[PDB]
Each structure stands twice: as structure tokens, then as C-alpha cells.
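Scroll down for the structure; my scribbles are underneath it.
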Ligand SMILES: [Mg+2]
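Protein chains in written order, with the deposited numbering: chain A, 964 to 1006; chain B, 291 to 338; chain C, 344 to 514; chain D, 1204 to 1251; chain E, 50 to 98; chain F, 33 to 1150; chain G, 387 to 578; chain H, 9 to 85; chain I, 724 to 867.
If you want it as C-alpha cells, here you go:
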């Protein structure tokens, strides 16, 4: 895609079960999802 | 060393900036309300 | 001279600085010799000045504190983060004043044109410029005392137990 | 603006000033800072 | 049941009467266990001296 | 004492030593500091008893240290001696009422001697008011009661350490000599086998240069430090020689620039290390250095010596070589090994006396500097000691310490336990200690040397975990600041009755047995395989010949607060820690009740805390009333004790003392005459006994919530009195003074109904939010009114008074009666601060009942917020119509691994019902008959010591022999489970349910103080955002994470309004308020003020920030 | 460069640069996250009678949060003659004020939040209803989403104002439309 | 009944996604509120509501009901 | 479902396993004392022996609970809890680490139902505090 990404490559939106919309902020969702379980990973 | 130097030498070469801006002749002063002189109850003054 | 003229954020003239220094020296000497904090009367008698003058001199020499002094053990705030801005526009008061203005304009509308006009031009509602009785008479082409008569009539009309209750709350 | 608001503020600002960088406000953090609709979700011109 | 009191030299619950071994806030707990029966629909009054 | 309430104990072990005075840790230290008669008796009582060697009180030591004082020529000298104390001018009650600082005058006999004609001018000098410590180990500073907590610090001495580098795969050794009030020196051997002599952390020299400077020739170094190749390699790689050359090289390297000279280097080094004025390792430092290196140098004075430097070099080089033992100076031999910085052989305790001594010394340093300067500058023959001594610095330093110091803490007064635990607290952070964010994971560990010296359970759960602890029950503080613990001596396998106090090092030397070791009863071990602790703290089985010490008792390692948790050995360490930290927050209720199943440590804690009134001399109570007790002592004198009634503690609770004696009773010394805030007949009582059933109930106790009965509200079982104080002062202003009166400018008369003659609310009046407590009027002077206001005034003809109102009103959401009014006038001789004409304080008290949202908890770390309060009728009730008072979820017991609560509940039921087991010839019933626990009347309290409680066998057996109820049946089956009935449906529950009696506490986390809302209120000054907090109205912070969440949803308008028209849009807040009030569309947001402030600051930094439009044109932001 | 200047107490002075840097500078503390109006906070209890889209606000917090709306409403119903009398009536806490509040509070979503907000399901929009007490009531199902226990936890309440904010809080952030977990797609609003 | 009426699934049959529906409903609600506010004064272009209402109903709810019933159309400008 | 100390059932076969492995431990200790093995050999042998004992006790415990026990019903249904915690409550707590991270070759042979002795409790406090500190720091690390 010339600009950013496109819905069909991202795929389904796991939070709603349908194709991801055309304004979704996937970057922040990815960051939050990766960072939330940080406290469970015992150092 | 030359590669590192050219990065800062080239910036002033093309952009509207000039080296003379690195030395100051006059110093700006921020508006008073962003450095308030408030009078606490009891006469004590608090500065910023 | 320079120290007296540059050692304080709020400058104090040389003579008042001398007075403050002398008072501090006398107070320290009295504390040392006597062994107890001097009461204001003792300093007033020793320094040969009224107790009020001593209190004022004491209040002049205080130095200001900073708004950046930390207060919490963690350090999440400063001394200037809890200073309430006591000179801002409280939205409730502003809307109350706007409603008062609207209500006053509405009430003054029920009056006759002449009475409302004289009241407005006497209290300067439209322009904020109070005017004398003679000028009002000139615009109305009547006597000064006659204009004074009209103002009293309207003033009593509004202060009546038939039109007051619409304005009682705002007072 | 985003880099300055992230960390190393002094270095970022003293580099941008010399480079005379211009910020176009195309991210989320910049719009959040200046106080306008983020270019995501319902803030897109396609929906407004 | 009892619903209120008033003592000669007491203004509030959080005090004590000179000469008695209990606070005024313990006399209240002591008279809450006071079992009485009444026949008047009005707020009758009785006296302790 | 013998006059203690009955409590049948399940203990099976006889303790040979009683717990010491729990408050000694502070009282003894301050007695030593002052030099009281008690300390004199203690030191005189050192006849082969205790480590009370120091014969000098702190102030005497300080004065003898600062004397004599002489000028640069020695013409005249000044000395201090014979410090004396006068009686205090004010009692504690007066100090707390009038906001004074309880203290006493201090006089010093100062004599000025002139070397010409042999003069002596001895006289008395007043050295300021020294604050005194009450008998409860607390100070009264400025009317508030404060506590000085000890400090855990690293004792001065010489420490050898080793490290390994993962890259070079070689060991690096280091050796530091850290004094107190001095300059460090650290040597180190790196990978290159070079003996660096890093000095004052100033780059890195070679030890050879320093040795040459000290006056050693190359031949001496080679013939002495020759066997080890590292120092030979250092010597060869020198390229320098000569004492003068090396000395100048050292001076140039560490003090570059200045003109080098030989004398400058020598004098500089002597000033740095050999000058006692600016370098002095204390007695502890000298003792530790002597012990480590063996030198038997006297402890009278300690200053670094060359011999010590060469000894340190020898030790370090031998350690690096690989030696294990060495020959030491003035000693048989020493062991070469590295040091552990966490061992309590290296960590010492600075108590209150030492800290106050340090502050006094710091003040006296400036005082004597001024004395000598003025003595030299002024004339002679007209100078006397009185006119040379300026005591301002000393009092200034004392005041600075007692205020705004991290170790002088505002006291904790939730209850007696909280106050007692605030003392006996060892804090590892503070001035001269370390920092919260710099402490690693190795200083917070439970080192195996903490056994019997520091509790491993009680610590804060926040980011202070490990940096604050509590002294163990039997712990004692050494003369040098170390902590000792008692051990019973066992000889030839026989446990004697000789108790020896041992520190960490001596403990490492020996092998220590375990407290509960089965014995043949002829003072001899039985099993021949006893678990014992060894040198490294490792546990091992040993035969009964190697053992040489034994623990005095179990629960010797647990603190005072952790020794009051029954069945502690069945609780996980985390839950025990939480319970200990959470027993200090329980509030004192109006009616106290001692625990039904407790430990043996309630009476002792309550009495030693100092919050229980105890008879001083034996006698017979003469007269008694709720306010006083007058007793006629036996020696003919009469003494009257006063009791606090509805006072206020630091935390806002209520202090109220009951009376436990009667008019005709006889009292011996030490007997308890009046209860305390949270005591019942002399013993600690922080909560109430409630009938608890374990079961889920319709989801109202889901996920740690609690269901309560209405009875607990009917009978004020969990109700407490809370008091608050409001203070207002009438001061002076430019336009005249402010006045306190009831002639408020424009107030409807109904408000001024409870105000008395002088405009202060009446005692007994009930106030609600918005009421006026004190009427105050402040002048404002000339002002111009808006046209509308003037027109309205003309209408109603209300002349302005020129003075506005600033009266004191109760804040929002506050209620209660008026308890007391205290008014101070500056014109009545009261010591008000400058420019404060009058002051007034009003006390408001209210009784709070338990309601949903209030937090309850037990002693085993089981907490929760009440989420429901059911009527009595619809509660699960036993087979005889007894409702249960609280319902707890069982799902929380197993996964949290604290089965202690279930056992406590079972034993509480057993104690409540009572039992009778006398004729039983059963194995478990015999252990009960050997301790006098056969017959127990119903309702009797019982005691299960911490680590020697009641075994499950005894509980299981007793559960089958309780006293049957009035109907002749036992409701709780031998499995511990009863048969309940459903309160609502009425049908019995399908299976039996576990029930019993639990001790429940009421924590100080009440929902009344947590709620706070805001629609609009005060705003900040520089930036115009809401004013965070709760003393104001204050808005909830909307941080970065919330912004990320809103961005993730894709909600842009909500974020934009949350950032612009709710915080910063100054012209938008009023517009949105008007839009809402007039019922129309919310206006579009503007630009926040914070952005403009940022741009202004950036421009002030000489940066050309500017905002551009579609075309390259600036906007200028107004 | 060199040693910083100090004032009383021997603590370094604050310069122009220090106001822009750090965790407490303009950029991070006053610009990216601020304090907001029309917000409240309180301890949460459990209410199992609620629906998945309902929350229980104490009437004190609800009254203080909705003050302008209730003032306007009771001016509309002639319970007061002007906004001044309405404000005094609300402040003094009469009876009919709560009857009006119970109807101005209907169909107005409120955002409930619990710090720390580790993922987007930490903020959720609920329909409020008044309850008698001083603690909020939270449906037992959403706890896992909030990671909220009932052993003293507290939550904050924010009030959307404009039509766009209300539409977002009602269509996008509603409580019963957020069953699945964004991280992997498994339900979190599930009996636990 | 309440805030879950009309259901989101039925509403989404009249638009493309949630993001567009938000703006659609918000604009309609603003139109309705403006019509109410200026109803007494001189006539304006604003119209509605097009469905039965209640005593004091939130304009957003009326807008959502109108959208669900199919009495509105959204163009692109 | 309810919790009573009679529901927490320790396996009846724990005594035999503990006794046998105690005999093995005593044998290894005697071997070390005479001088046929170094210290590290003793440490490793004891660690292995007691790991085997812990596993055997855990297996017996798992095989002992009736299917209708309240605690087994809580764990099996997935409502709350897991198997390690229930092993600690009713079984053998196991081996613990030293102040330094290294196993102590002397296990806690008593569960929380039977009660720990003083030394065992002191040994467990080590891991307790280390876990608490790690939990304290993980929050800041994950936030960054
Ligand atoms: Mg919680």
C-alpha cells in the first residue's frame, strides 16, 4: 500500500471478529496487547 | 570526522538559518504571568 | 550600598534596611543577654519606637519562598501545584451574571420608553458612562429636578412587592 | 514534536532548530498535543 | 422503646456527667437494652432521679 | 503481672526468659544521652551484668571532645564541663494544649583561663532548651507528638571484596577503609595484577608511589612485599624513585595546578587522614578495624595510622594471592576472607541518642568556630565566658533536626499496636543512609543473620519492601550499635539456665540448636539428631555433643505485631506479612472486646505500649469517677490520676479511657486502673468476635467481598467515634485588621442562630455542610461595582458595608456535633506568631456505623469491602435459630494458602461453647490435663502461642466434648461443619457448612473519606487545568494510558473534549457551562493554554517556534 | 556546565530547560495527560442484580456530576424560577432535586476507568442508575476486563458532554459490545 | 430498553461501519437539538423529529431511532 | 462447597515415603561424614533424593482426593486455583532457595496443614521476600 497499511493484509480484527475498519489504530492496539502481560512474565 | 562535520556544516549551507544565531546580543524575557509572584495568605510571597 | 540595593527580590531602601538590621541586632542581643525571646514591648522601648513600627519592620524583612519546593516524599508535585488561582473566571458566576443582565434588560422593557431610557442613561447600562441629571434633561428638554423625579418613580416601581421577586434572587 | 515529547528533549530540540525542521502534524501525538481531532477512528475526513 | 433522652448537665453524647462512673455514650448503650411496653400512641415521658 | 485477665493457654513449653521492656530501645538510649540517674544506676549495675561499659553520657562526651578551645597562639583557653539540667517549665499537657515544645534548660559550667597571672573565670552558661522525651518514648514538638526511629547503617571499618568480570574471566579485588566523618581510601588489584591505591576516588595511582611517600625505600618494599609477584610487578613498572619525587607526584595528580611543594603535600595528606579535626573513625570503627586486622591499638582515640595502611595492603595482597589464614599484629592469627556488607556483623544501628548527639556536635562546631574567631579578633582582659559563647547555632541545629528531618516522624496513633510498632522500627533509609530508588535486590533480602535481630515478616508492601523492619521481641542493642540476641547455654548436652547475649559474629562462631527440641526432662536432649544452625546459616542435623547454644524460646524471630497472629505456622509468609501490616490500621471502636482465641502477647503489648493507666504505688482506691481515680497509697500519700475522655489522636480517631477498678478495690503497683483506646481490661483488643460461615451467597460475597448482618449495625458492634478540628485565625491586613464577630454583612438571620456572643458556634450544636463555625469579616476598601449591581442596589437600597465575609464553614460532606472550642487572643498574653491577632479551633465529632464500602479484615491477611448488609431474618441460621454475623467466600482460602483462618474459626467455636474433658484416658486428652486445660467455662478466652499453639489432634478431640446447648445437642458435627438453614427460602442447605467465631478488625479505609466528585471548581495558576487533590475539589487525572485507550477505541471527539474544554480551554469552559445551562449545542473546542505556555517557553529559549497556515503565513496565536 | 546555582535549602534552581524535560516537564505532565472536569472517583462494590450495561452511582456523586443538567431541568419544570434559585436549591439538597436527577441521568452514558489502564477494555461506558450509598456498583462480569478486585479498589467516572462524545461512548465503548479480548480474541467478559 | 435500544446490529445495516454511524447520529442529534432550541423563534431549515418522542428524551436516542427506522440519508460532500 | 480443615486431606501414604527417603538421606550423610564423598556430591545427591520424594508425595496426593472434595471441585472446575498451591497446602512444600539463589538441600517436609517449624518458616521467608520485590519492580519495567 502506498499509504500506511490496508485492511486486507491486516486481516480480521480480533477484538470484534470482523474485517478491520479503515480508521483503526492497529499500532496502539499491538503495543498495548504486547505490553499488558509484562507483569506476568516472572523475571 | 569529515562525514560527521558535514552534517552540521551542510545544514546552514542550504537552510535559512545562519551561524550568527549561535551568539546572542539580546535575551528574551518571558511574560510575567508564566513566572508569577503570588501573595500567600499571611503576607508570604512565593516566586517561580 | 550594593548589598542593600541588590540582596532582596523585593527591594527595600537603604534606610529601611538599616532599620531592619538594627532591629535584628537588638533582638539578637536581647535574646543572648536575657535568655528569653523579647516581647514586642521590650524591643519597642529599647529601640524607642512604637510596637506597631516594630511589627511592620519585622514583616518587611521576610524573604519569599519558592513555588518549586517539593513537599511529598515521593516528589510527584511542587509547592505551586496547590495554589488556587483566586482571580480566575468561575464559569458559574459568569453565567449567573449573564443571566442577571438578561433579566434586568427584560424587566426594564416592561417600563415605558421614557422611564427605561432615563434609567439606562442614568446608570449607564448601554455605555457604562454615568450621566448627570442636567444632561438627561437636555436630551429630554426638561428641568433637572423633573429628571430627578422620574428616576425616583421608576426606582420605587422596581422596588415594589409586584415586580421585585423577579429580581430578588439575583441580589 | 513527537520525538521531543518522547525523551531526550534538549538534544532533539537543539538538532531540529539547527536543521530548521518543519512538523506537518500527521501523527496521533502531535494532534493530541495541539488539541485537534486525531487522524484515526472518527476523526478521518472520510466520515466527517 | 425509648427514643431520646436529656440529662440535667449534658449538652451532647460525647461528654461525661460529674459523679457517675460511665460516659454519656455508655449510658445510651445501657438504656438501649431497656425493655419497656407502652399503651399511649403519644411520646410518653418517664423520669429517673 | 499476676493481675491479668484469665486466658487458658495451650502452650506445652516453659519459657525461661520473659520478653524485655518493649520500649527500652528508645528510653535507654535517651537516658544514656542525657546522663540521667537511671543511666547512672544502669552503669553502676554493670557488676558483671550487661554490656554497659560506657561510663560517659553523650553530652559529657561531646563537651569533653570540644574542650579545650585555644587561639592560634595558646595565650588563653576555654573549657566546658559539668553539664546540668533544670526542671522543665511546662508539663506535657500544657505543651500539647498551648503548642509548646516540652523540654528542659541546660546549663554548662564554663571557665575561661588566661595563661598570664593564672586566671579562672568559671561561671554558668545557658545552652538553650533541650527537648525532653516522655516516659512513652515520644517527643512533644510544637504541640504534636513525634517519634525518632533508629537507622540501619553500614558501620565504619575496613572491607575486602572480590568481583568477577565475565569478559576477561579474571577476579578483581578491592579493599575500602570507610570511616565516619572522614575521607575514604580504596585500594584495588585489577586484572593486570597492579595494586591500585585509588585515593578519595581520585583517578588511579600505584600503591608503590604512596608507600614511597609514606617513607619506604624500594629495598624495604622488596624485602618485605617480595613473596607475592603482584607487588614486585607493580614495583618494576614504576619508573620513579625518591620520597620527595613520589610525594610531589601524588600532590600534582590529586591536587593539580597549584605550585607543587614538599610541605604542601605532607600537610595536605596529614590534614586528609592523620588530622583528628577533619577525620575520626569512631569507637566502632576502631574496634572493627582492630578485630579484622588484629592490631590491639587502644580505643581511646581513632585516627588512621600508617601501620593500618600497611596492614590493609598485606591483607589485600594475601587475599588476592589465595591465602586463607595469616599472622596478625598483636594477635595469634586471623582468617583471610571477603566481607558481606549485609551481615549484621557489618550493619549497625544509630538510635535516637546518637542522632541527637551528632546534631548537637554539628551545632557546637559552629559555636566554637565563632567563639575562637571572636576571642582572637576582640581585645583581652575584658572578656568573660558569658560574652564569648553564642548558643544560636546549637538551638538552630536542634530545631532543624526535630523539624523537617526524615527520622523525626509524625507519630502513628491509630491504636496502641501502631504506636508501639512505630517505635522499634529500623529504617535503612534517611540522611546518611541510602535512597529508595538506588537500593538493589540484595539489600532487601532476608539475610540468615536476621534471626532473632530483625523480623522477616513485617515490612512495607510498597516500594519500601526490605528497607524498613521491626526489631524482634528479644532483640537488644549493643553498646556499639549492633543487635544482640539471647541464647541458653548448653554444656555436655545439658541445657543449663545461663543466658548469654550473642551478636552476629559470635553466632557465626557457634552452632545454635532449635527452640522446640524434645527433652528427656532431665535437661538433656532426647532424639540424638537435633536440627541446628551452622556458621553460614545452613541447617543441619547434629549429635547432642557439638551443640553449645539453644534458643531461649520459639517465636524468638518474630516481631511484636507478628506474634499476635494465632496459627501463624499455617499461614503463607505473604499472608502473614499482609496481616501484620494490616493490624496496624484497625481503628478503636467505642466498645472494646478482647479476642476469644488469641496469643499470649496481648496483655504485655497493651501494657508496655504506654496507653494503659497503671498504678504507681500499691494502695486502696479512695474515690472513683469517669474523669479521675484518687487512690490512698500505703505510705500515707494520696495520688489522683486523670483520664483522657474523647480526645483526638494524630489520625483523627478518638482517645477515650475507661475505668476497670471499683471504689472498694485494692491495687498493687503495676495493676491496670484504666483501659486505653483499643484495650479491654488491660489487653489489646482491635476488633470484635463475629459468627462466620464459609459459603458463597447469591454473589454478594463474590471476588473478596463481604456480607454483614444488620445486628452489627443495631448494636454498634463495629461503630467508632471520629473527631476533626477546624482552625481559623484573624490576622492583620493593609487596610486594617480582621475581626471575628457574628455581624456578618449579608446573611439571612437563621444562619446566625447557633453562634454565641463573640461569633463562635455553640458547644453541642449539630453542623451540616455549609454551616458557619466562626464568623469573620475582612475589609476590602474602595471598589467599583458593575452598572447592573449598582442598579440592583439602588432598587433595593442596600448600602454596601465595605467589608466582606471570610467566615469558617464546614467543608462539603461533613457532619457531627461540636465537642470543644479553644480560642487564643494575642492580647491575652498568648504566644501567637507575629501578625496573628487571634486564633480559634473547633472540634467536630461523629459516630460512624459500619456500612457497605467500609473495609474489614482479619489477622491472616484476609481483607474485603462490605458489599451487602442483610436483615437479621434472611441470614443463614443454625438449627437453634442463631443467625450468622458474617459470610466469607471459601474460594479465597485455598488458593491464598492461609489455612490459619479456618483453624482460628474452629478454635473460636470451641472456646465459645466450652468443654469438659477430665476422665478421658485418651492420648490427646492427657496433654490437656498436664497444662490445666481440662474444664473451660463457656465464653472463656484461650491462648495458642505463635509457634507452640494447639495441635489439630486436640481440636478434633475437643470438638466432640463441648458443653451441649439448652436443648441437649451439639450443633457443630465432629467434622467442624454445622447444618444451616436458608434465611429466605427456608429450606435447609443441602450439605453441612463450616461455621465458627472469627476476630474481625475495622480498617481505617472508610468510604466516607474516599468519595469525591467535581463538576467545576478551583483552577491552577500558571497552567489553567483543574486543581488536583481533595482538599480542593479537584479533577481526576487523565494520564497517557487513558489517552492510549481512547485512541485504541477510535473515539476522537471524546478525547478532544477531555483534553480541551474540560482542562485547558479557558474561554471554552464558561461557554460550555452556559450552553448546558441554556440547553443548546455544546460549542466547538478551542486551543489549550498549555500549548501556548509551551510555545512561550520555547521562544524564551531563543527558539523560533511558529505555526503556519495552509499557505506559509503565521497565525501568531493572538 | 559547572556546578548548579542554589537558593535557600541548598537545592538547585529551576531554569528554562528544566521546564521542558523529564517526567515532570511541560511535554509529559501538562500536555499529553491532564486533569479534567466533570469527573469523580470512589471505591467499588459488587452488585449482581445489574445488567451487563448498567452501573450504580451514589446519589451524591451523581448529583455533583450532573449539576448543570439538573439545574436546567428543574428550571424547566417550574420547580425554580431562575438558575440562581435552582443552584441554591441543588446546593441545599432538597428532595425533588433527586427526583429530577433520576430522570436527567437516564440514557446518559458514563465512562468508568481503573488505573492502571493496561489495555483498551480498561475504559468502558455504562448506563448509570442511582444507588443508596457511597460506593459504586460494578457488574461482576466486567471485573476481569478491569482486573478489578473488591478488596479496596477504586475507580474513576468521567462524563461525556457533547453529542459526538455521547455517540462514541454509546456505540463504540459500550460495555456489552466488548466481549472479546483484543490481544488474542478470547472472551474476557465471561463467568469467572 | 434503555441504552441498548436500538440494537447495534440493526443500526449497522444502515451504514458502512461504526465510525461513520457515530458521525451520522451525532449530526442528526445536533440538528434535532438546534430545532428544539430555536423552535419558538423564527423558522429555520431544521426539521424533525420524524418519530414519536417522550416528555424529555435525549436527541441522540431520537436520532438513532430515526436512523434505524430508515428515515434519513447520508451523502458525501 | 465449603472449606473446613477436615476437607484439606493430606495423603495417608506420605509418612512411608518421607521415612524411606529420610533413611536414604541419613545414609548419604553418614557416607559424607566418613569421607567417601565431597560436599558437592552430598548436596546433589540430597537434592535429587528430595525431588524424587516431593514428586512421589505429589502423585499420592493427586490420587488421594475424592472427586467430591470442595477443594478438588474448586480446582478441577477451573473456578480458582491450581495444583501447585494445593500440593503446598496438603502434601510436601518441597525444596526452597537460599538467600543467594541456590537450593537448600533440606526440604520443608511439612505442609501448611501440619504446620511448619521455626527454621522451615524462616527458610521460606527468603523466597517470599524475593518474589515480593520482583513483583514490585516488574510494574515499572513493564510500564517503560
Ligand atoms: Mg484489589
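Each residue gets a CB set at the ideal place from its N, CA and C atoms; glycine is no exception.
In chain C, which residues lie less than 9 Å from residue 333/B when you measure between Cβ atoms?
402 and 405
I want to see whether chain B comes within less than 8 Å of residue 1219/D, judged by CB atoms only; does it?
no
Interface residues of chain B facing residue 410/C [CB-CB closer than 8 Å]
326, 328, 336, 337 and 338
Could you check whether the Cβ of residue 45/H sits closer than 8 Å to any Cβ belonging to chain G?
no
Using the C-alpha atoms, what's the distance from residue 864/F back to residue 473/G?
40 Å
Using only CA atoms, which one of 456/G, 517/G and 550/G lies nearest to residue 475/G?
456/G
Out of 858/F, 908/F and 474/F, which one is the CA nearest neighbour of residue 130/F?
The residue with the shortest Cα to Cα distance from residue 130/F is 858/F.
Residue-level contact to chain G via CB, residue 1114/F, 8 Å cutoff
yes
Starting from residue 502/C, find everything on chain F with Cβ-Cβ shorter than 9 Å and list it in chain order.
826, 827, 828 and 829
Just reading off the alpha helix (DSSP H) that residue 933/F is part of, what are its end residues?
Taken as a continuous stretch (DSSP letters only), the alpha helix (DSSP H) holding residue 933/F covers 932 to 945.
List the whole-angstrom C-beta distance separating residue 192/F from residue 371/F, where the pair is believed to meet the contact cut-off of C-beta under 8 Å.
6 Å
Taking 7 Å as the line, does the beta carbon of residue 886/F fall inside it for any heavy atom of ligand 1?
no
Could you give the DSSP three-state label for residue 653/F: helix, strand or coil?
Correct three-state label for residue 653/F: strand.
Would you mind listing the alpha helix (DSSP H) stretches within the region 666 to 706 of chain F that are 4+ residues and don't spill past its ends, in chain order?
none
Please state whether the Cβ-Cβ distance between residue 935/F and residue 599/F is less than 8 Å.
yes
Expressed to the nearest angstrom, what Euclidean distance is found between the alpha-carbon atoms of residue 996/A and residue 568/G?
7 Å
Contact defined as beta carbons within less than 8 Å: I believe residue 617/F pairs with residue 721/F. What is the distance between those atoms, to the nearest angstrom?
Actually they are not in contact, since the Cβ atoms of residue 617/F and residue 721/F sit about 19 Å apart, beyond 8 Å.
Looking at residue 540/G and residue 88/F, is the spacing between their C-beta atoms short of 8 Å?
no
Short-range partners of chain A found in the region 9 to 41 of chain H, where Cβ spacing is below 8 Å:
The region 9 to 41 of chain H vs chain A, Cβ under 8 Å: 25, 26 and 27.
When you compare only the Cα positions, how much space is there between residue 109/F and residue 116/F?
22 Å
Can you list, in chain order, the residues of its chain with a C-beta nearer than 6 Å to that of residue 426/G? Leave out the 5 residues immediately preceding and following it.
447, 451 and 543
Would a C-beta distance cut-off of 8 Å place residue 420/C and residue 337/B closer than the cut-off?
One thing to note: residue 420/C has its Cβ no nearer than 8 Å to the Cβ of residue 337/B.
Residues from the region 702 to 731 of chain F in contact with chain E, defined by Cβ distance under 7 Å:
none
For residue 610/F, which residues in the same chain have their Cβ closer than 6 Å to its Cβ, ignoring the five residues on either side in sequence?
Hits under 6 Å: 893.
Residue range of the unbroken alpha helix (DSSP H) whose run includes residue 266/F
261 to 268
Can you list the residues of chain F that residue 466/C reaches, using a CB-CB cut of under 7 Å?
The answer, in chain order, is 819, 822 and 823.
Which class does residue 425/F belong to by DSSP, given the choice of helix, strand or coil?
helix
With residue 302/F as the anchor, note down where its alpha helix (DSSP H) starts and where it stops.
Per DSSP, residue 302/F belongs to no alpha helix (DSSP H) and is neither H nor E.
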